[PDB]
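Q: Mind having a look at this structure? Questions to follow.
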Amino acid sequence: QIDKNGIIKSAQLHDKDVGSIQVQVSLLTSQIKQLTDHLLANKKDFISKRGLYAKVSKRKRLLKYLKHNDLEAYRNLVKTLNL
Amino acid sequence: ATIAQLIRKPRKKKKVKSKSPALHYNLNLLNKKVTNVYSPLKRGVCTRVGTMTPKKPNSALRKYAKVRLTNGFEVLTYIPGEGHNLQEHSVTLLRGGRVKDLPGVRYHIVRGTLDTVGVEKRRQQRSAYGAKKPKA
Amino acid sequence: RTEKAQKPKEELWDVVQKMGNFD
Amino acid sequence: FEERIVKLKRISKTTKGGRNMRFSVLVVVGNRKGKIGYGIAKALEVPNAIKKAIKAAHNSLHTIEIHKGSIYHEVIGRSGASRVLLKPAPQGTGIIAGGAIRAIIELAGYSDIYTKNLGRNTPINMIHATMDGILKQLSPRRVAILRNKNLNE
Amino acid sequence: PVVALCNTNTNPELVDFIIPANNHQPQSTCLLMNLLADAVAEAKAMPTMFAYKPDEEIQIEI
Amino acid sequence: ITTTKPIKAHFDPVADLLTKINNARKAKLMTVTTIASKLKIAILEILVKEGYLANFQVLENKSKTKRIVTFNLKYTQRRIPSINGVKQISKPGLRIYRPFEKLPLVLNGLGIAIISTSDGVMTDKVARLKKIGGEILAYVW
RNA sequence: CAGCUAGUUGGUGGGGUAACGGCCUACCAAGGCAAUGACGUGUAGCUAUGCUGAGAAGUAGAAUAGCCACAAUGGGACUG
RNA sequence: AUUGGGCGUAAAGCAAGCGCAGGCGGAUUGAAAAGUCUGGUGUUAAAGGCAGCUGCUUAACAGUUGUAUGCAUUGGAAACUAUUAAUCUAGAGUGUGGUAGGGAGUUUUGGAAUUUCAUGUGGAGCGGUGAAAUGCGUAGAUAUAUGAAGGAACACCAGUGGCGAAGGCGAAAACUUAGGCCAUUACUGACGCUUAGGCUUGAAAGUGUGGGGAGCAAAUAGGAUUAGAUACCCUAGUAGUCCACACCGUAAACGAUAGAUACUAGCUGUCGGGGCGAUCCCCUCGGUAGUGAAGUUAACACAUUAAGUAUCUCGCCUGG
RNA sequence: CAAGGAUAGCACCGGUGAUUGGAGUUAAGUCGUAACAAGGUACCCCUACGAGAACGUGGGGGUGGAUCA
């Protein structure tokens, strides 16, 4: 239910790339949604709250890099959850 | 810790610290400010020149004087010379330094200045504890 | 695989002998 | 074999009634040829402790090299957390050091030295740190031979 | 200098002549003692017992 | 020399060099490994040229992108290593830059300083002679 | 001390002192300085340099002297 | 502390994690030269800082020249601080295969056992410490045996422990499931780490609301040793302890040990992964521990998880 | 051009204060040795309350405890 392989084969940039910054941020966002459902269901899960903060801010760092380095590398990545 | 951690913390040697913060102020009137004029000397008036039981490291009848300087703070000093001319209103000159054998007393007096006479023809002190001219 | 090689270095064999001689 | 003393430590051990006074001493032995040796010992009285320390120090004598006879590279020595810093003094600035530091430097045959003792003033670890600082310096010949490059510059 | 029969539980930074001779296994220690005797024996110009045999006396301790 | 395993990248490469060398001399090791930069290959080569460390092998896997270097530490016939403890000068956050007028001589003409002045790694004497100054990289004496 | 700032900030015409120009005025206006420390806040003329230590720097701006302000305080204007 | 330290026991690591700014960060080519360096020009007025010189009885003291204590400008190299492009991953992490743990929270169930309730009995005690005492009790107490309600936590399993951001988790189970572990060649391809700001949690107490007080117990009531005694103990008993929204967002938050990166023996012993065999006695890499080499420390003592090795960063201690 | 003006509730800085809190030094304290030994009772700490007061218990944390496998 972690969406381990499903989210990784989706946003691939090349023929074989299972660790693409795009698929890393997609996995991070999927895990953030899952862990947010976790946190609303479990308000006293402290460890998961810390892990969720880690994941969301690592996603922020990855997005910052993907805008910093290559435009096209995040031209197909505009699906980040917002609003 | 690294350079930035050592940068985040201030790295500057100030001085050797003392415990005499009442030896800096000498102010004028018509202006509510303290003037710093690198004064080599300060004066004051001792009011409570009496005898109380001193602190433990020395057992005697150590006499003390509550002096007010030219500053605002009022501090306690140790009597200079065998026998004092500090007649409870004497405007004399005050030294620095700390004595560690009296309670509340960590100051000194420039003895001899315009209102004091001590220990003439002494073997040890004659001007720092002001006195007339001795021989060798 | 390697790309450079320079300054071959060797040392004595790993059996310590104090002063090497006492004759 | 001068066997010069530097500091005696007044000590006393508590026992069944009274306190046994066995004050320790530390001596430095040298023969004006660069020989240096430090020895700490203790006994009931001054002469026995001095003799024991003299024997312990003279049991090991060491000579250090002299080239540009100052500590020609800045170095701080610590032996039991005692800072003794020695830095190269030019041969015309005059020697400025502390008494124990002067003794250690001049016993080794050196010249004017830029010394600075820091923090604590207990002479035992002062002597230990000064000895460690002076003796850990390497000779120009040492690097000149150990490195493949023979030139020492 | 020091000559010792170092064991794997010992340290090799202590002896001026490190020799991997076991005392638990006597085949090394007996041989080394005999050959150390024989060195000074031939140094003193007397008949020598060992140090030229392919397999010397089997002094295996029980 | 095939690695048969890739080493893991450090926070910074010069600190990786320092850590590997110091732990090799501490653990009585003779071979050290580090990343391969043009700067770092140059610094290793200039250290070798001054008799500080032994043979160096630059290992490229499939491109200059994945390049490392394995170098042996010099060991004199007296079993004394020529590496007396390497140190870095181009420190991250402590980048010390000395002009030509501020090029020093290591412990009063005993050691060697590594200076990339304007075109490449240069030893102390040639850097003084070349009347050109620049970055000081590492200290080995 | 987390914001400071409505001739402050920009331009057009006019006037303007030692000169083009917000230097100021009429129009239109909301721009302008700052989290990397803006502004307010207390001291301090700045500097060459007096001096101290070995260095980091500190001290005072004093002897001696270079530039602004200063003229009982705030202004206004005179000649120039 | 830039010349010149520590944060386990000294003044001595936020309480911890997450992470923007900041601070710094694997390699590549070539460029801009943003900086670094290079060399020049102007110039930093005089005494003077330094220095050449001059004098007054020497000196004190005064004067002249320059170097200059600074700044503006200038053309270069691309090695270096930072940027540029992409493939390499090798740390960020990710995939496939497997994977241990009481992780956490929420939910579900259960009664061994006590109390109330039901059956009884029974005689003179029970309750308990240091000796006893307060208290319950002939109306039946204590005891005696199970059963419904109740709620607490769940004997051993329990590891020279695992997991866990420290904090904490032990009947069993489920959901989300954080992170631990390798086989990790493969994979975007330096993306990174600390991180004042900020966010969160940080035991438990206690406490606002709804419950039980069955059991415990602060406060409380009594007896008791202290010269009293509130303090040892014992007995009971309100909130509370236990649950949920929770709050205080504090600790002996302990490894008294801040994190991340790269490396460092052996051994002692608990554990995980892959691999291949009966399991221990097999290898590799890691999590939590220790003796101990080198290394470090003021010593005690860290030591593969450092207080090491070096780096990066933040916070703190510059006496009580 | 421009000196100063003052408005009503409002806005700042310094000091004192009838009564004196806390603090540390004082020929010289009683209440206790609570705690340091296992301190005659394990401690101390976070928290709740007692206690004139050491300190105590309630939940939680460890040893800043020990002879001893």
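How things are named: the first chain in the structure tokens is A, the next is B, and so on; residues count from 1 in each chain; ligands count from 1 in the order shown.
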Residues of chain B were defined as contacting chain G if any atom lay at most 12 Å from it, counting only C-alpha atoms (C1' of nucleotides); please report them as a ChimeraX atom specification.

A: /B:11-15,33-38

Q: Within 12 Å of chain G, which residues belong to chain D? Use only C-alpha atoms (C1' of nucleotides) and report them as a ChimeraX atom specification.

A: /D:87-89,93,114-116

Q: What are the DSSP strand (DSSP E) residues of stretch 46-118 of chain B, as a count of residues only?

A: 22

Q: Report the distance between atom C1' of residue H:81 and atom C1' of residue H:31 in Å, rounded to one decimal place.

A: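 Atom-to-atom, atom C1' of residue H:81 to atom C1' of residue H:31, that is 17.2 Å.
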
Q: Measuring between only C-alpha atoms, which one of F:92, F:120, F:111, F:134 shows the shortest distance to chain B?

A: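 The closest residue to chain B is F:92.
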
Q: Leaving out stretch 20-37 of chain E and any residue of its chain fewer than 4 positions from it, which residues lie within 9 Å of it when counting only C-alpha atoms (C1' of nucleotides), given as a PyMOL selection string?

A: chain E and resi 4-8+41-42+48-51+56-61

Q: Any chance you can output those residues with N, CA and C atoms as a tab-separated table (two decimals), in the first residue's frame?

A:
chain	number	residue	atom	x	y	z
E	4	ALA	N	61.13	-14.21	20.86
E	4	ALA	CA	59.98	-14.80	21.52
E	4	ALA	C	59.21	-15.66	20.53
E	5	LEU	N	58.41	-16.57	21.08
E	5	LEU	CA	57.54	-17.44	20.29
E	5	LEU	C	56.12	-16.87	20.33
E	6	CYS	N	55.86	-15.93	19.42
E	6	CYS	CA	54.60	-15.19	19.46
E	6	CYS	C	53.43	-16.11	19.14
E	7	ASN	N	52.31	-15.88	19.83
E	7	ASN	CA	51.07	-16.58	19.57
E	7	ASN	C	50.04	-15.59	19.05
E	8	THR	N	49.00	-16.13	18.40
E	8	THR	CA	48.01	-15.28	17.75
E	8	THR	C	47.23	-14.43	18.74
E	41	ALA	N	75.85	-23.69	19.98
E	41	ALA	CA	76.71	-24.87	20.01
E	41	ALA	C	77.71	-24.84	18.86
E	42	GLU	N	77.23	-24.62	17.64
E	42	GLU	CA	78.13	-24.53	16.49
E	42	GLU	C	78.96	-23.25	16.56
E	48	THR	N	76.89	-30.57	16.68
E	48	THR	CA	75.56	-29.98	16.61
E	48	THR	C	74.52	-31.08	16.42
E	49	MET	N	73.42	-30.98	17.16
E	49	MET	CA	72.39	-32.02	17.14
E	49	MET	C	71.41	-31.83	15.98
E	50	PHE	N	70.84	-30.63	15.86
E	50	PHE	CA	69.76	-30.38	14.90
E	50	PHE	C	70.09	-29.19	14.01
E	51	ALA	N	69.07	-28.68	13.31
E	51	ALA	CA	69.10	-27.56	12.35
E	51	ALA	C	69.62	-27.99	10.99
E	56	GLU	N	63.05	-33.12	12.70
E	56	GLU	CA	63.78	-33.44	13.92
E	56	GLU	C	62.89	-34.26	14.85
E	57	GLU	N	63.35	-34.41	16.10
E	57	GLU	CA	62.66	-35.23	17.10
E	57	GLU	C	61.22	-34.78	17.32
E	58	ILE	N	60.28	-35.72	17.29
E	58	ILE	CA	58.87	-35.40	17.49
E	58	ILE	C	58.59	-35.34	18.99
E	59	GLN	N	58.75	-34.16	19.57
E	59	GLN	CA	58.51	-33.95	21.00
E	59	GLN	C	57.11	-33.36	21.22
E	60	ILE	N	56.10	-34.17	20.93
E	60	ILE	CA	54.72	-33.73	21.05
E	60	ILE	C	54.28	-33.89	22.50
E	61	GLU	N	53.84	-32.79	23.11
E	61	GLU	CA	53.35	-32.83	24.48
E	61	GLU	C	51.91	-33.30	24.51

Q: From a DSSP calculation on the backbone, collect every residue of stretch 4-149 of chain D in alpha helix (DSSP H) and output the set as a count of residues only.

A: 42

Q: With a distance cut-off of 9 Å and only C-alpha atoms (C1' of nucleotides), select the neighbouring residues of stretch 95-108 of chain D, excluding the residue or stretch itself and same-chain residues fewer than 4 positions from it, and output the selection as an mmCIF file with C-alpha atoms, in the first residue's frame.

A:
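Generated output (around.cif):
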data_model
loop_
_atom_site.group_PDB
_atom_site.id
_atom_site.type_symbol
_atom_site.label_atom_id
_atom_site.label_comp_id
_atom_site.auth_asym_id
_atom_site.auth_seq_id
_atom_site.Cartn_x
_atom_site.Cartn_y
_atom_site.Cartn_z
ATOM 1 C CA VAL D 6 62.407 22.015 39.007
ATOM 2 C CA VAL D 28 65.837 17.163 35.134
ATOM 3 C CA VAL D 29 69.253 15.697 34.326
ATOM 4 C CA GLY D 30 71.662 17.009 31.710
ATOM 5 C CA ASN D 31 75.414 17.123 31.057
ATOM 6 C CA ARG D 32 75.765 20.286 28.895
ATOM 7 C CA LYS D 33 75.945 18.042 25.801
ATOM 8 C CA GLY D 34 72.237 18.246 24.974
ATOM 9 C CA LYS D 35 71.333 15.327 27.243
ATOM 10 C CA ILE D 36 67.883 15.692 28.800
ATOM 11 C CA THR D 63 69.815 14.511 23.170
ATOM 12 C CA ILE D 64 67.955 16.710 20.684
ATOM 13 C CA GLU D 65 69.294 18.244 17.483
ATOM 14 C CA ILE D 66 70.130 21.947 17.173
ATOM 15 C CA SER D 70 65.043 27.906 18.391
ATOM 16 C CA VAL D 84 53.027 25.328 26.378
ATOM 17 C CA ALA D 89 62.498 33.460 17.874
ATOM 18 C CA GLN D 91 68.624 34.877 16.767
ATOM 19 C CA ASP D 112 66.090 32.573 22.232
ATOM 20 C CA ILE D 113 62.578 31.127 21.929
ATOM 21 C CA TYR D 114 59.071 32.599 21.722
ATOM 22 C CA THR D 115 57.331 30.797 24.576
ATOM 23 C CA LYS D 116 53.933 31.151 26.194
ATOM 24 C CA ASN D 117 52.548 29.124 29.102
ATOM 25 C CA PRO D 123 54.868 22.963 37.406
ATOM 26 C CA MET D 126 54.206 22.413 32.853
ATOM 27 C CA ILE D 127 57.523 20.542 32.672
ATOM 28 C CA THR D 130 57.307 21.705 27.690
ATOM 29 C CA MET D 131 59.314 18.483 27.313
ATOM 30 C CA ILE D 134 60.357 20.595 22.553
#

Q: Would you mind reading off the distance between atom CA of residue E:11 and atom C1' of residue H:295, one decimal, in Å?

A: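 So the answer is 17.5 Å.
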
Q: When you look at residue G:3 with a cut-off of 12 Å (counting only C-alpha atoms (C1' of nucleotides)), what residues show up, excluding the ones that are within fewer than 6 positions of it in the same chain? I need them as a list in words.

A: residues 33, 34, 35, 37, 38, 39 and 40 of chain G

Q: Kindly export the residues of the current selection with C-alpha atoms (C1' of nucleotides), as a PDB file, in the first residue's frame.

A:
ATOM      1  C1'   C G  33      14.571  51.050   1.656  1.00  0.00           C
ATOM      2  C1'   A G  34      14.684  45.929   3.891  1.00  0.00           C
ATOM      3  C1'   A G  35      14.982  38.908   7.008  1.00  0.00           C
ATOM      4  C1'   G G  37      19.795  42.492  10.024  1.00  0.00           C
ATOM      5  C1'   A G  38      16.259  47.817   6.651  1.00  0.00           C
ATOM      6  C1'   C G  39      14.532  51.981  10.242  1.00  0.00           C
ATOM      7  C1'   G G  40      14.519  53.764  15.269  1.00  0.00           C
TER       8        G G  40
END

Q: Which residues, written as a list in words, have at least one atom at most 6 Å from residue C:1, with only C-alpha atoms (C1' of nucleotides) counted and residues fewer than 3 positions away on the same chain left out?

A: residues 1, 2 and 59 of chain F

Q: What is the distance between atom CA of residue E:9 and atom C1' of residue H:283, in Å to one decimal?

A: 22.3 Å

Q: Please identify all polymer residues within 10 Å of stretch 64-74 of chain A, counting only C-alpha atoms (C1' of nucleotides), omitting same-chain residues fewer than 2 positions from it, and present them as a PDB file with C-alpha atoms (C1' of nucleotides), in the first residue's frame.

A:
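Below is the file that was written, result31.pdb:
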ATOM      1  CA  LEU A  13      12.273  10.047 -18.030  1.00  0.00           C
ATOM      2  CA  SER A  20      14.279   9.442 -11.453  1.00  0.00           C
ATOM      3  CA  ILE A  21      13.958  12.708  -9.518  1.00  0.00           C
ATOM      4  CA  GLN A  22      10.468  12.843 -11.004  1.00  0.00           C
ATOM      5  CA  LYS A  58      12.706  16.532   1.125  1.00  0.00           C
ATOM      6  CA  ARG A  59      10.119  16.856  -1.650  1.00  0.00           C
ATOM      7  CA  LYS A  60      10.514  20.634  -1.370  1.00  0.00           C
ATOM      8  CA  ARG A  61      14.296  20.253  -1.681  1.00  0.00           C
ATOM      9  CA  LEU A  62      13.936  17.958  -4.701  1.00  0.00           C
ATOM     10  CA  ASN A  76       6.603  17.380 -17.334  1.00  0.00           C
ATOM     11  CA  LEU A  77       6.423  17.586 -13.507  1.00  0.00           C
ATOM     12  CA  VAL A  78       3.809  20.224 -12.671  1.00  0.00           C
ATOM     13  CA  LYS A  79       1.462  17.807 -10.898  1.00  0.00           C
TER      14      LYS A  79
ATOM     15  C1'   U H  84      26.557  26.565 -16.983  1.00  0.00           C
ATOM     16  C1'   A H  85      25.083  21.063 -20.145  1.00  0.00           C
ATOM     17  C1'   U H 188      17.199  11.111 -12.348  1.00  0.00           C
ATOM     18  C1'   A H 190      24.884  16.282  -6.833  1.00  0.00           C
ATOM     19  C1'   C H 191      19.883  16.450  -6.533  1.00  0.00           C
TER      20        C H 191
END

Q: Return as a list in words the residues belonging to chain D that are within 9 Å of chain F, counting only C-alpha atoms.

A: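 The answer, sorted by residue number, is residues 72, 73, 74, 139, 140, 141, 143, 144, 145, 146, 147, 148, 149, 150, 151, 152 and 153 of chain D.
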
Q: Taking N, CA, C and O atoms for each residue, export the selection above as a PDB file, in the first residue's frame.

A:
ATOM      1  N   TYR D  72      62.073  26.034  15.484  1.00  0.00           N
ATOM      2  CA  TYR D  72      61.988  26.669  14.172  1.00  0.00           C
ATOM      3  C   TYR D  72      60.653  26.441  13.468  1.00  0.00           C
ATOM      4  O   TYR D  72      60.489  26.823  12.305  1.00  0.00           O
ATOM      5  N   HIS D  73      59.695  25.829  14.157  1.00  0.00           N
ATOM      6  CA  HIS D  73      58.325  25.764  13.665  1.00  0.00           C
ATOM      7  C   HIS D  73      57.380  25.896  14.848  1.00  0.00           C
ATOM      8  O   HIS D  73      57.591  25.261  15.886  1.00  0.00           O
ATOM      9  N   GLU D  74      56.357  26.734  14.693  1.00  0.00           N
ATOM     10  CA  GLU D  74      55.392  26.955  15.761  1.00  0.00           C
ATOM     11  C   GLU D  74      54.740  25.642  16.167  1.00  0.00           C
ATOM     12  O   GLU D  74      54.248  24.883  15.325  1.00  0.00           O
ATOM     13  N   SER D 139      63.798  17.213  12.761  1.00  0.00           N
ATOM     14  CA  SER D 139      64.965  17.857  12.183  1.00  0.00           C
ATOM     15  C   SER D 139      64.775  18.070  10.682  1.00  0.00           C
ATOM     16  O   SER D 139      64.032  17.330  10.033  1.00  0.00           O
ATOM     17  N   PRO D 140      65.425  19.090  10.111  1.00  0.00           N
ATOM     18  CA  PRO D 140      65.411  19.249   8.650  1.00  0.00           C
ATOM     19  C   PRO D 140      65.973  18.027   7.941  1.00  0.00           C
ATOM     20  O   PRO D 140      65.486  17.633   6.877  1.00  0.00           O
ATOM     21  N   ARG D 141      67.003  17.419   8.537  1.00  0.00           N
ATOM     22  CA  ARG D 141      67.577  16.202   7.976  1.00  0.00           C
ATOM     23  C   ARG D 141      66.565  15.065   7.972  1.00  0.00           C
ATOM     24  O   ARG D 141      66.571  14.230   7.060  1.00  0.00           O
ATOM     25  N   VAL D 143      63.204  15.042   7.464  1.00  0.00           N
ATOM     26  CA  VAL D 143      62.374  15.096   6.265  1.00  0.00           C
ATOM     27  C   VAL D 143      63.236  15.048   5.011  1.00  0.00           C
ATOM     28  O   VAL D 143      62.814  14.522   3.973  1.00  0.00           O
ATOM     29  N   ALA D 144      64.451  15.597   5.076  1.00  0.00           N
ATOM     30  CA  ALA D 144      65.332  15.586   3.914  1.00  0.00           C
ATOM     31  C   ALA D 144      65.665  14.163   3.482  1.00  0.00           C
ATOM     32  O   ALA D 144      65.812  13.886   2.286  1.00  0.00           O
ATOM     33  N   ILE D 145      65.786  13.249   4.440  1.00  0.00           N
ATOM     34  CA  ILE D 145      66.141  11.870   4.117  1.00  0.00           C
ATOM     35  C   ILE D 145      64.905  10.989   3.956  1.00  0.00           C
ATOM     36  O   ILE D 145      64.858  10.148   3.056  1.00  0.00           O
ATOM     37  N   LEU D 146      63.888  11.153   4.811  1.00  0.00           N
ATOM     38  CA  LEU D 146      62.720  10.277   4.732  1.00  0.00           C
ATOM     39  C   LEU D 146      61.957  10.467   3.425  1.00  0.00           C
ATOM     40  O   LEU D 146      61.491   9.487   2.833  1.00  0.00           O
ATOM     41  N   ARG D 147      61.814  11.708   2.963  1.00  0.00           N
ATOM     42  CA  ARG D 147      61.185  11.965   1.674  1.00  0.00           C
ATOM     43  C   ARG D 147      62.142  11.589   0.551  1.00  0.00           C
ATOM     44  O   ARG D 147      63.364  11.680   0.708  1.00  0.00           O
ATOM     45  N   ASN D 148      61.583  11.155  -0.582  1.00  0.00           N
ATOM     46  CA  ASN D 148      62.411  10.846  -1.741  1.00  0.00           C
ATOM     47  C   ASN D 148      63.166  12.073  -2.231  1.00  0.00           C
ATOM     48  O   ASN D 148      64.310  11.961  -2.688  1.00  0.00           O
ATOM     49  N   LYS D 149      62.546  13.251  -2.148  1.00  0.00           N
ATOM     50  CA  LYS D 149      63.216  14.494  -2.511  1.00  0.00           C
ATOM     51  C   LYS D 149      64.300  14.818  -1.492  1.00  0.00           C
ATOM     52  O   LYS D 149      64.003  15.109  -0.328  1.00  0.00           O
ATOM     53  N   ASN D 150      65.564  14.767  -1.919  1.00  0.00           N
ATOM     54  CA  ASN D 150      66.675  14.978  -0.999  1.00  0.00           C
ATOM     55  C   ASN D 150      66.768  16.427  -0.538  1.00  0.00           C
ATOM     56  O   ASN D 150      67.161  16.685   0.605  1.00  0.00           O
ATOM     57  N   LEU D 151      66.407  17.375  -1.400  1.00  0.00           N
ATOM     58  CA  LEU D 151      66.505  18.787  -1.058  1.00  0.00           C
ATOM     59  C   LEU D 151      65.562  19.120   0.092  1.00  0.00           C
ATOM     60  O   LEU D 151      64.394  18.719   0.090  1.00  0.00           O
ATOM     61  N   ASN D 152      66.074  19.855   1.075  1.00  0.00           N
ATOM     62  CA  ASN D 152      65.305  20.250   2.253  1.00  0.00           C
ATOM     63  C   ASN D 152      64.950  21.726   2.106  1.00  0.00           C
ATOM     64  O   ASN D 152      65.702  22.612   2.516  1.00  0.00           O
ATOM     65  N   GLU D 153      63.791  21.986   1.510  1.00  0.00           N
ATOM     66  CA  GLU D 153      63.308  23.349   1.318  1.00  0.00           C
ATOM     67  C   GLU D 153      61.795  23.367   1.131  1.00  0.00           C
ATOM     68  O   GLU D 153      61.243  22.597   0.347  1.00  0.00           O
TER      69      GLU D 153
END

Q: Residues of chain F near chain B: apply a cut-off of 10 Å, count only C-alpha atoms, and supply the list as a count of residues only.

A: 4
